[PDB]
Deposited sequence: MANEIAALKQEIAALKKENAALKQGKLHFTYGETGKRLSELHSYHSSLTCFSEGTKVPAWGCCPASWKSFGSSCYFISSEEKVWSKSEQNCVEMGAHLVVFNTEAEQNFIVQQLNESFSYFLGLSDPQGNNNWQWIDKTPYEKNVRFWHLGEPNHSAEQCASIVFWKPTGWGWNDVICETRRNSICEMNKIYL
């Protein structure tokens, strides 16, 4: 039963103490490995969703919290395998950022999006099979007090 709260120039914005804060959102990085649907379930049970990246500044902050030997499920999927990628919170895909790696996405049967570290580019999105187990990242709104 613990928040941490930072000053605002509302006078406080807050996140649970074991999460991470940036912008108008809290984040949680899960080091357990699950399929995509159960990764979404774990976030929901904390009152959040798989992460949605809305600007480059946001991603830049998330990647410094991650371990480079692991890949991380995002909230971006294509459930009919016809490259109609959707964000888990319905914000439009085409008008927003799309930080895919070089030569990705590239398979119709790889219907989930993950962020992963490849040299020489570093972090970027790769599409993968939704039924293989990986880490995840959640995001929810800040609490304002």
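No alpha-carbon coordinates exist for the deposited sequence positions 1 to 45, 55 to 57, given here in order along the chain.
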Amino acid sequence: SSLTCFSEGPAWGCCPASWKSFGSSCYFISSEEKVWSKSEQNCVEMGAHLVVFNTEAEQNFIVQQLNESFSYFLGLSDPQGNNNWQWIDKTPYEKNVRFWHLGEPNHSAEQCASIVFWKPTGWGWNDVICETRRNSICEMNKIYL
From here on, numbers count along this sequence of modelled residues.
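According to the PDB record, 114 to 122 carries the higher mean C-alpha B-factor of the two stretches 77 to 85 and 114 to 122. Of the two segments, 89 to 97 and 48 to 56, the one listed with the higher mean B-factor is 89 to 97 (C-alpha atoms only). Among all modelled residues in this chain, the alpha-carbon of residue 11 has a temperature factor (C-alpha) in the highest third. Among all modelled residues in this chain, the alpha-carbon of residue 27 has a temperature factor (C-alpha) in the middle third. Residue 65 sits in the highest third of its chain by CA B factor, as recorded in the PDB entry. Per-chain ranking of the deposited C-alpha B factor places residue 140 in the lowest third.
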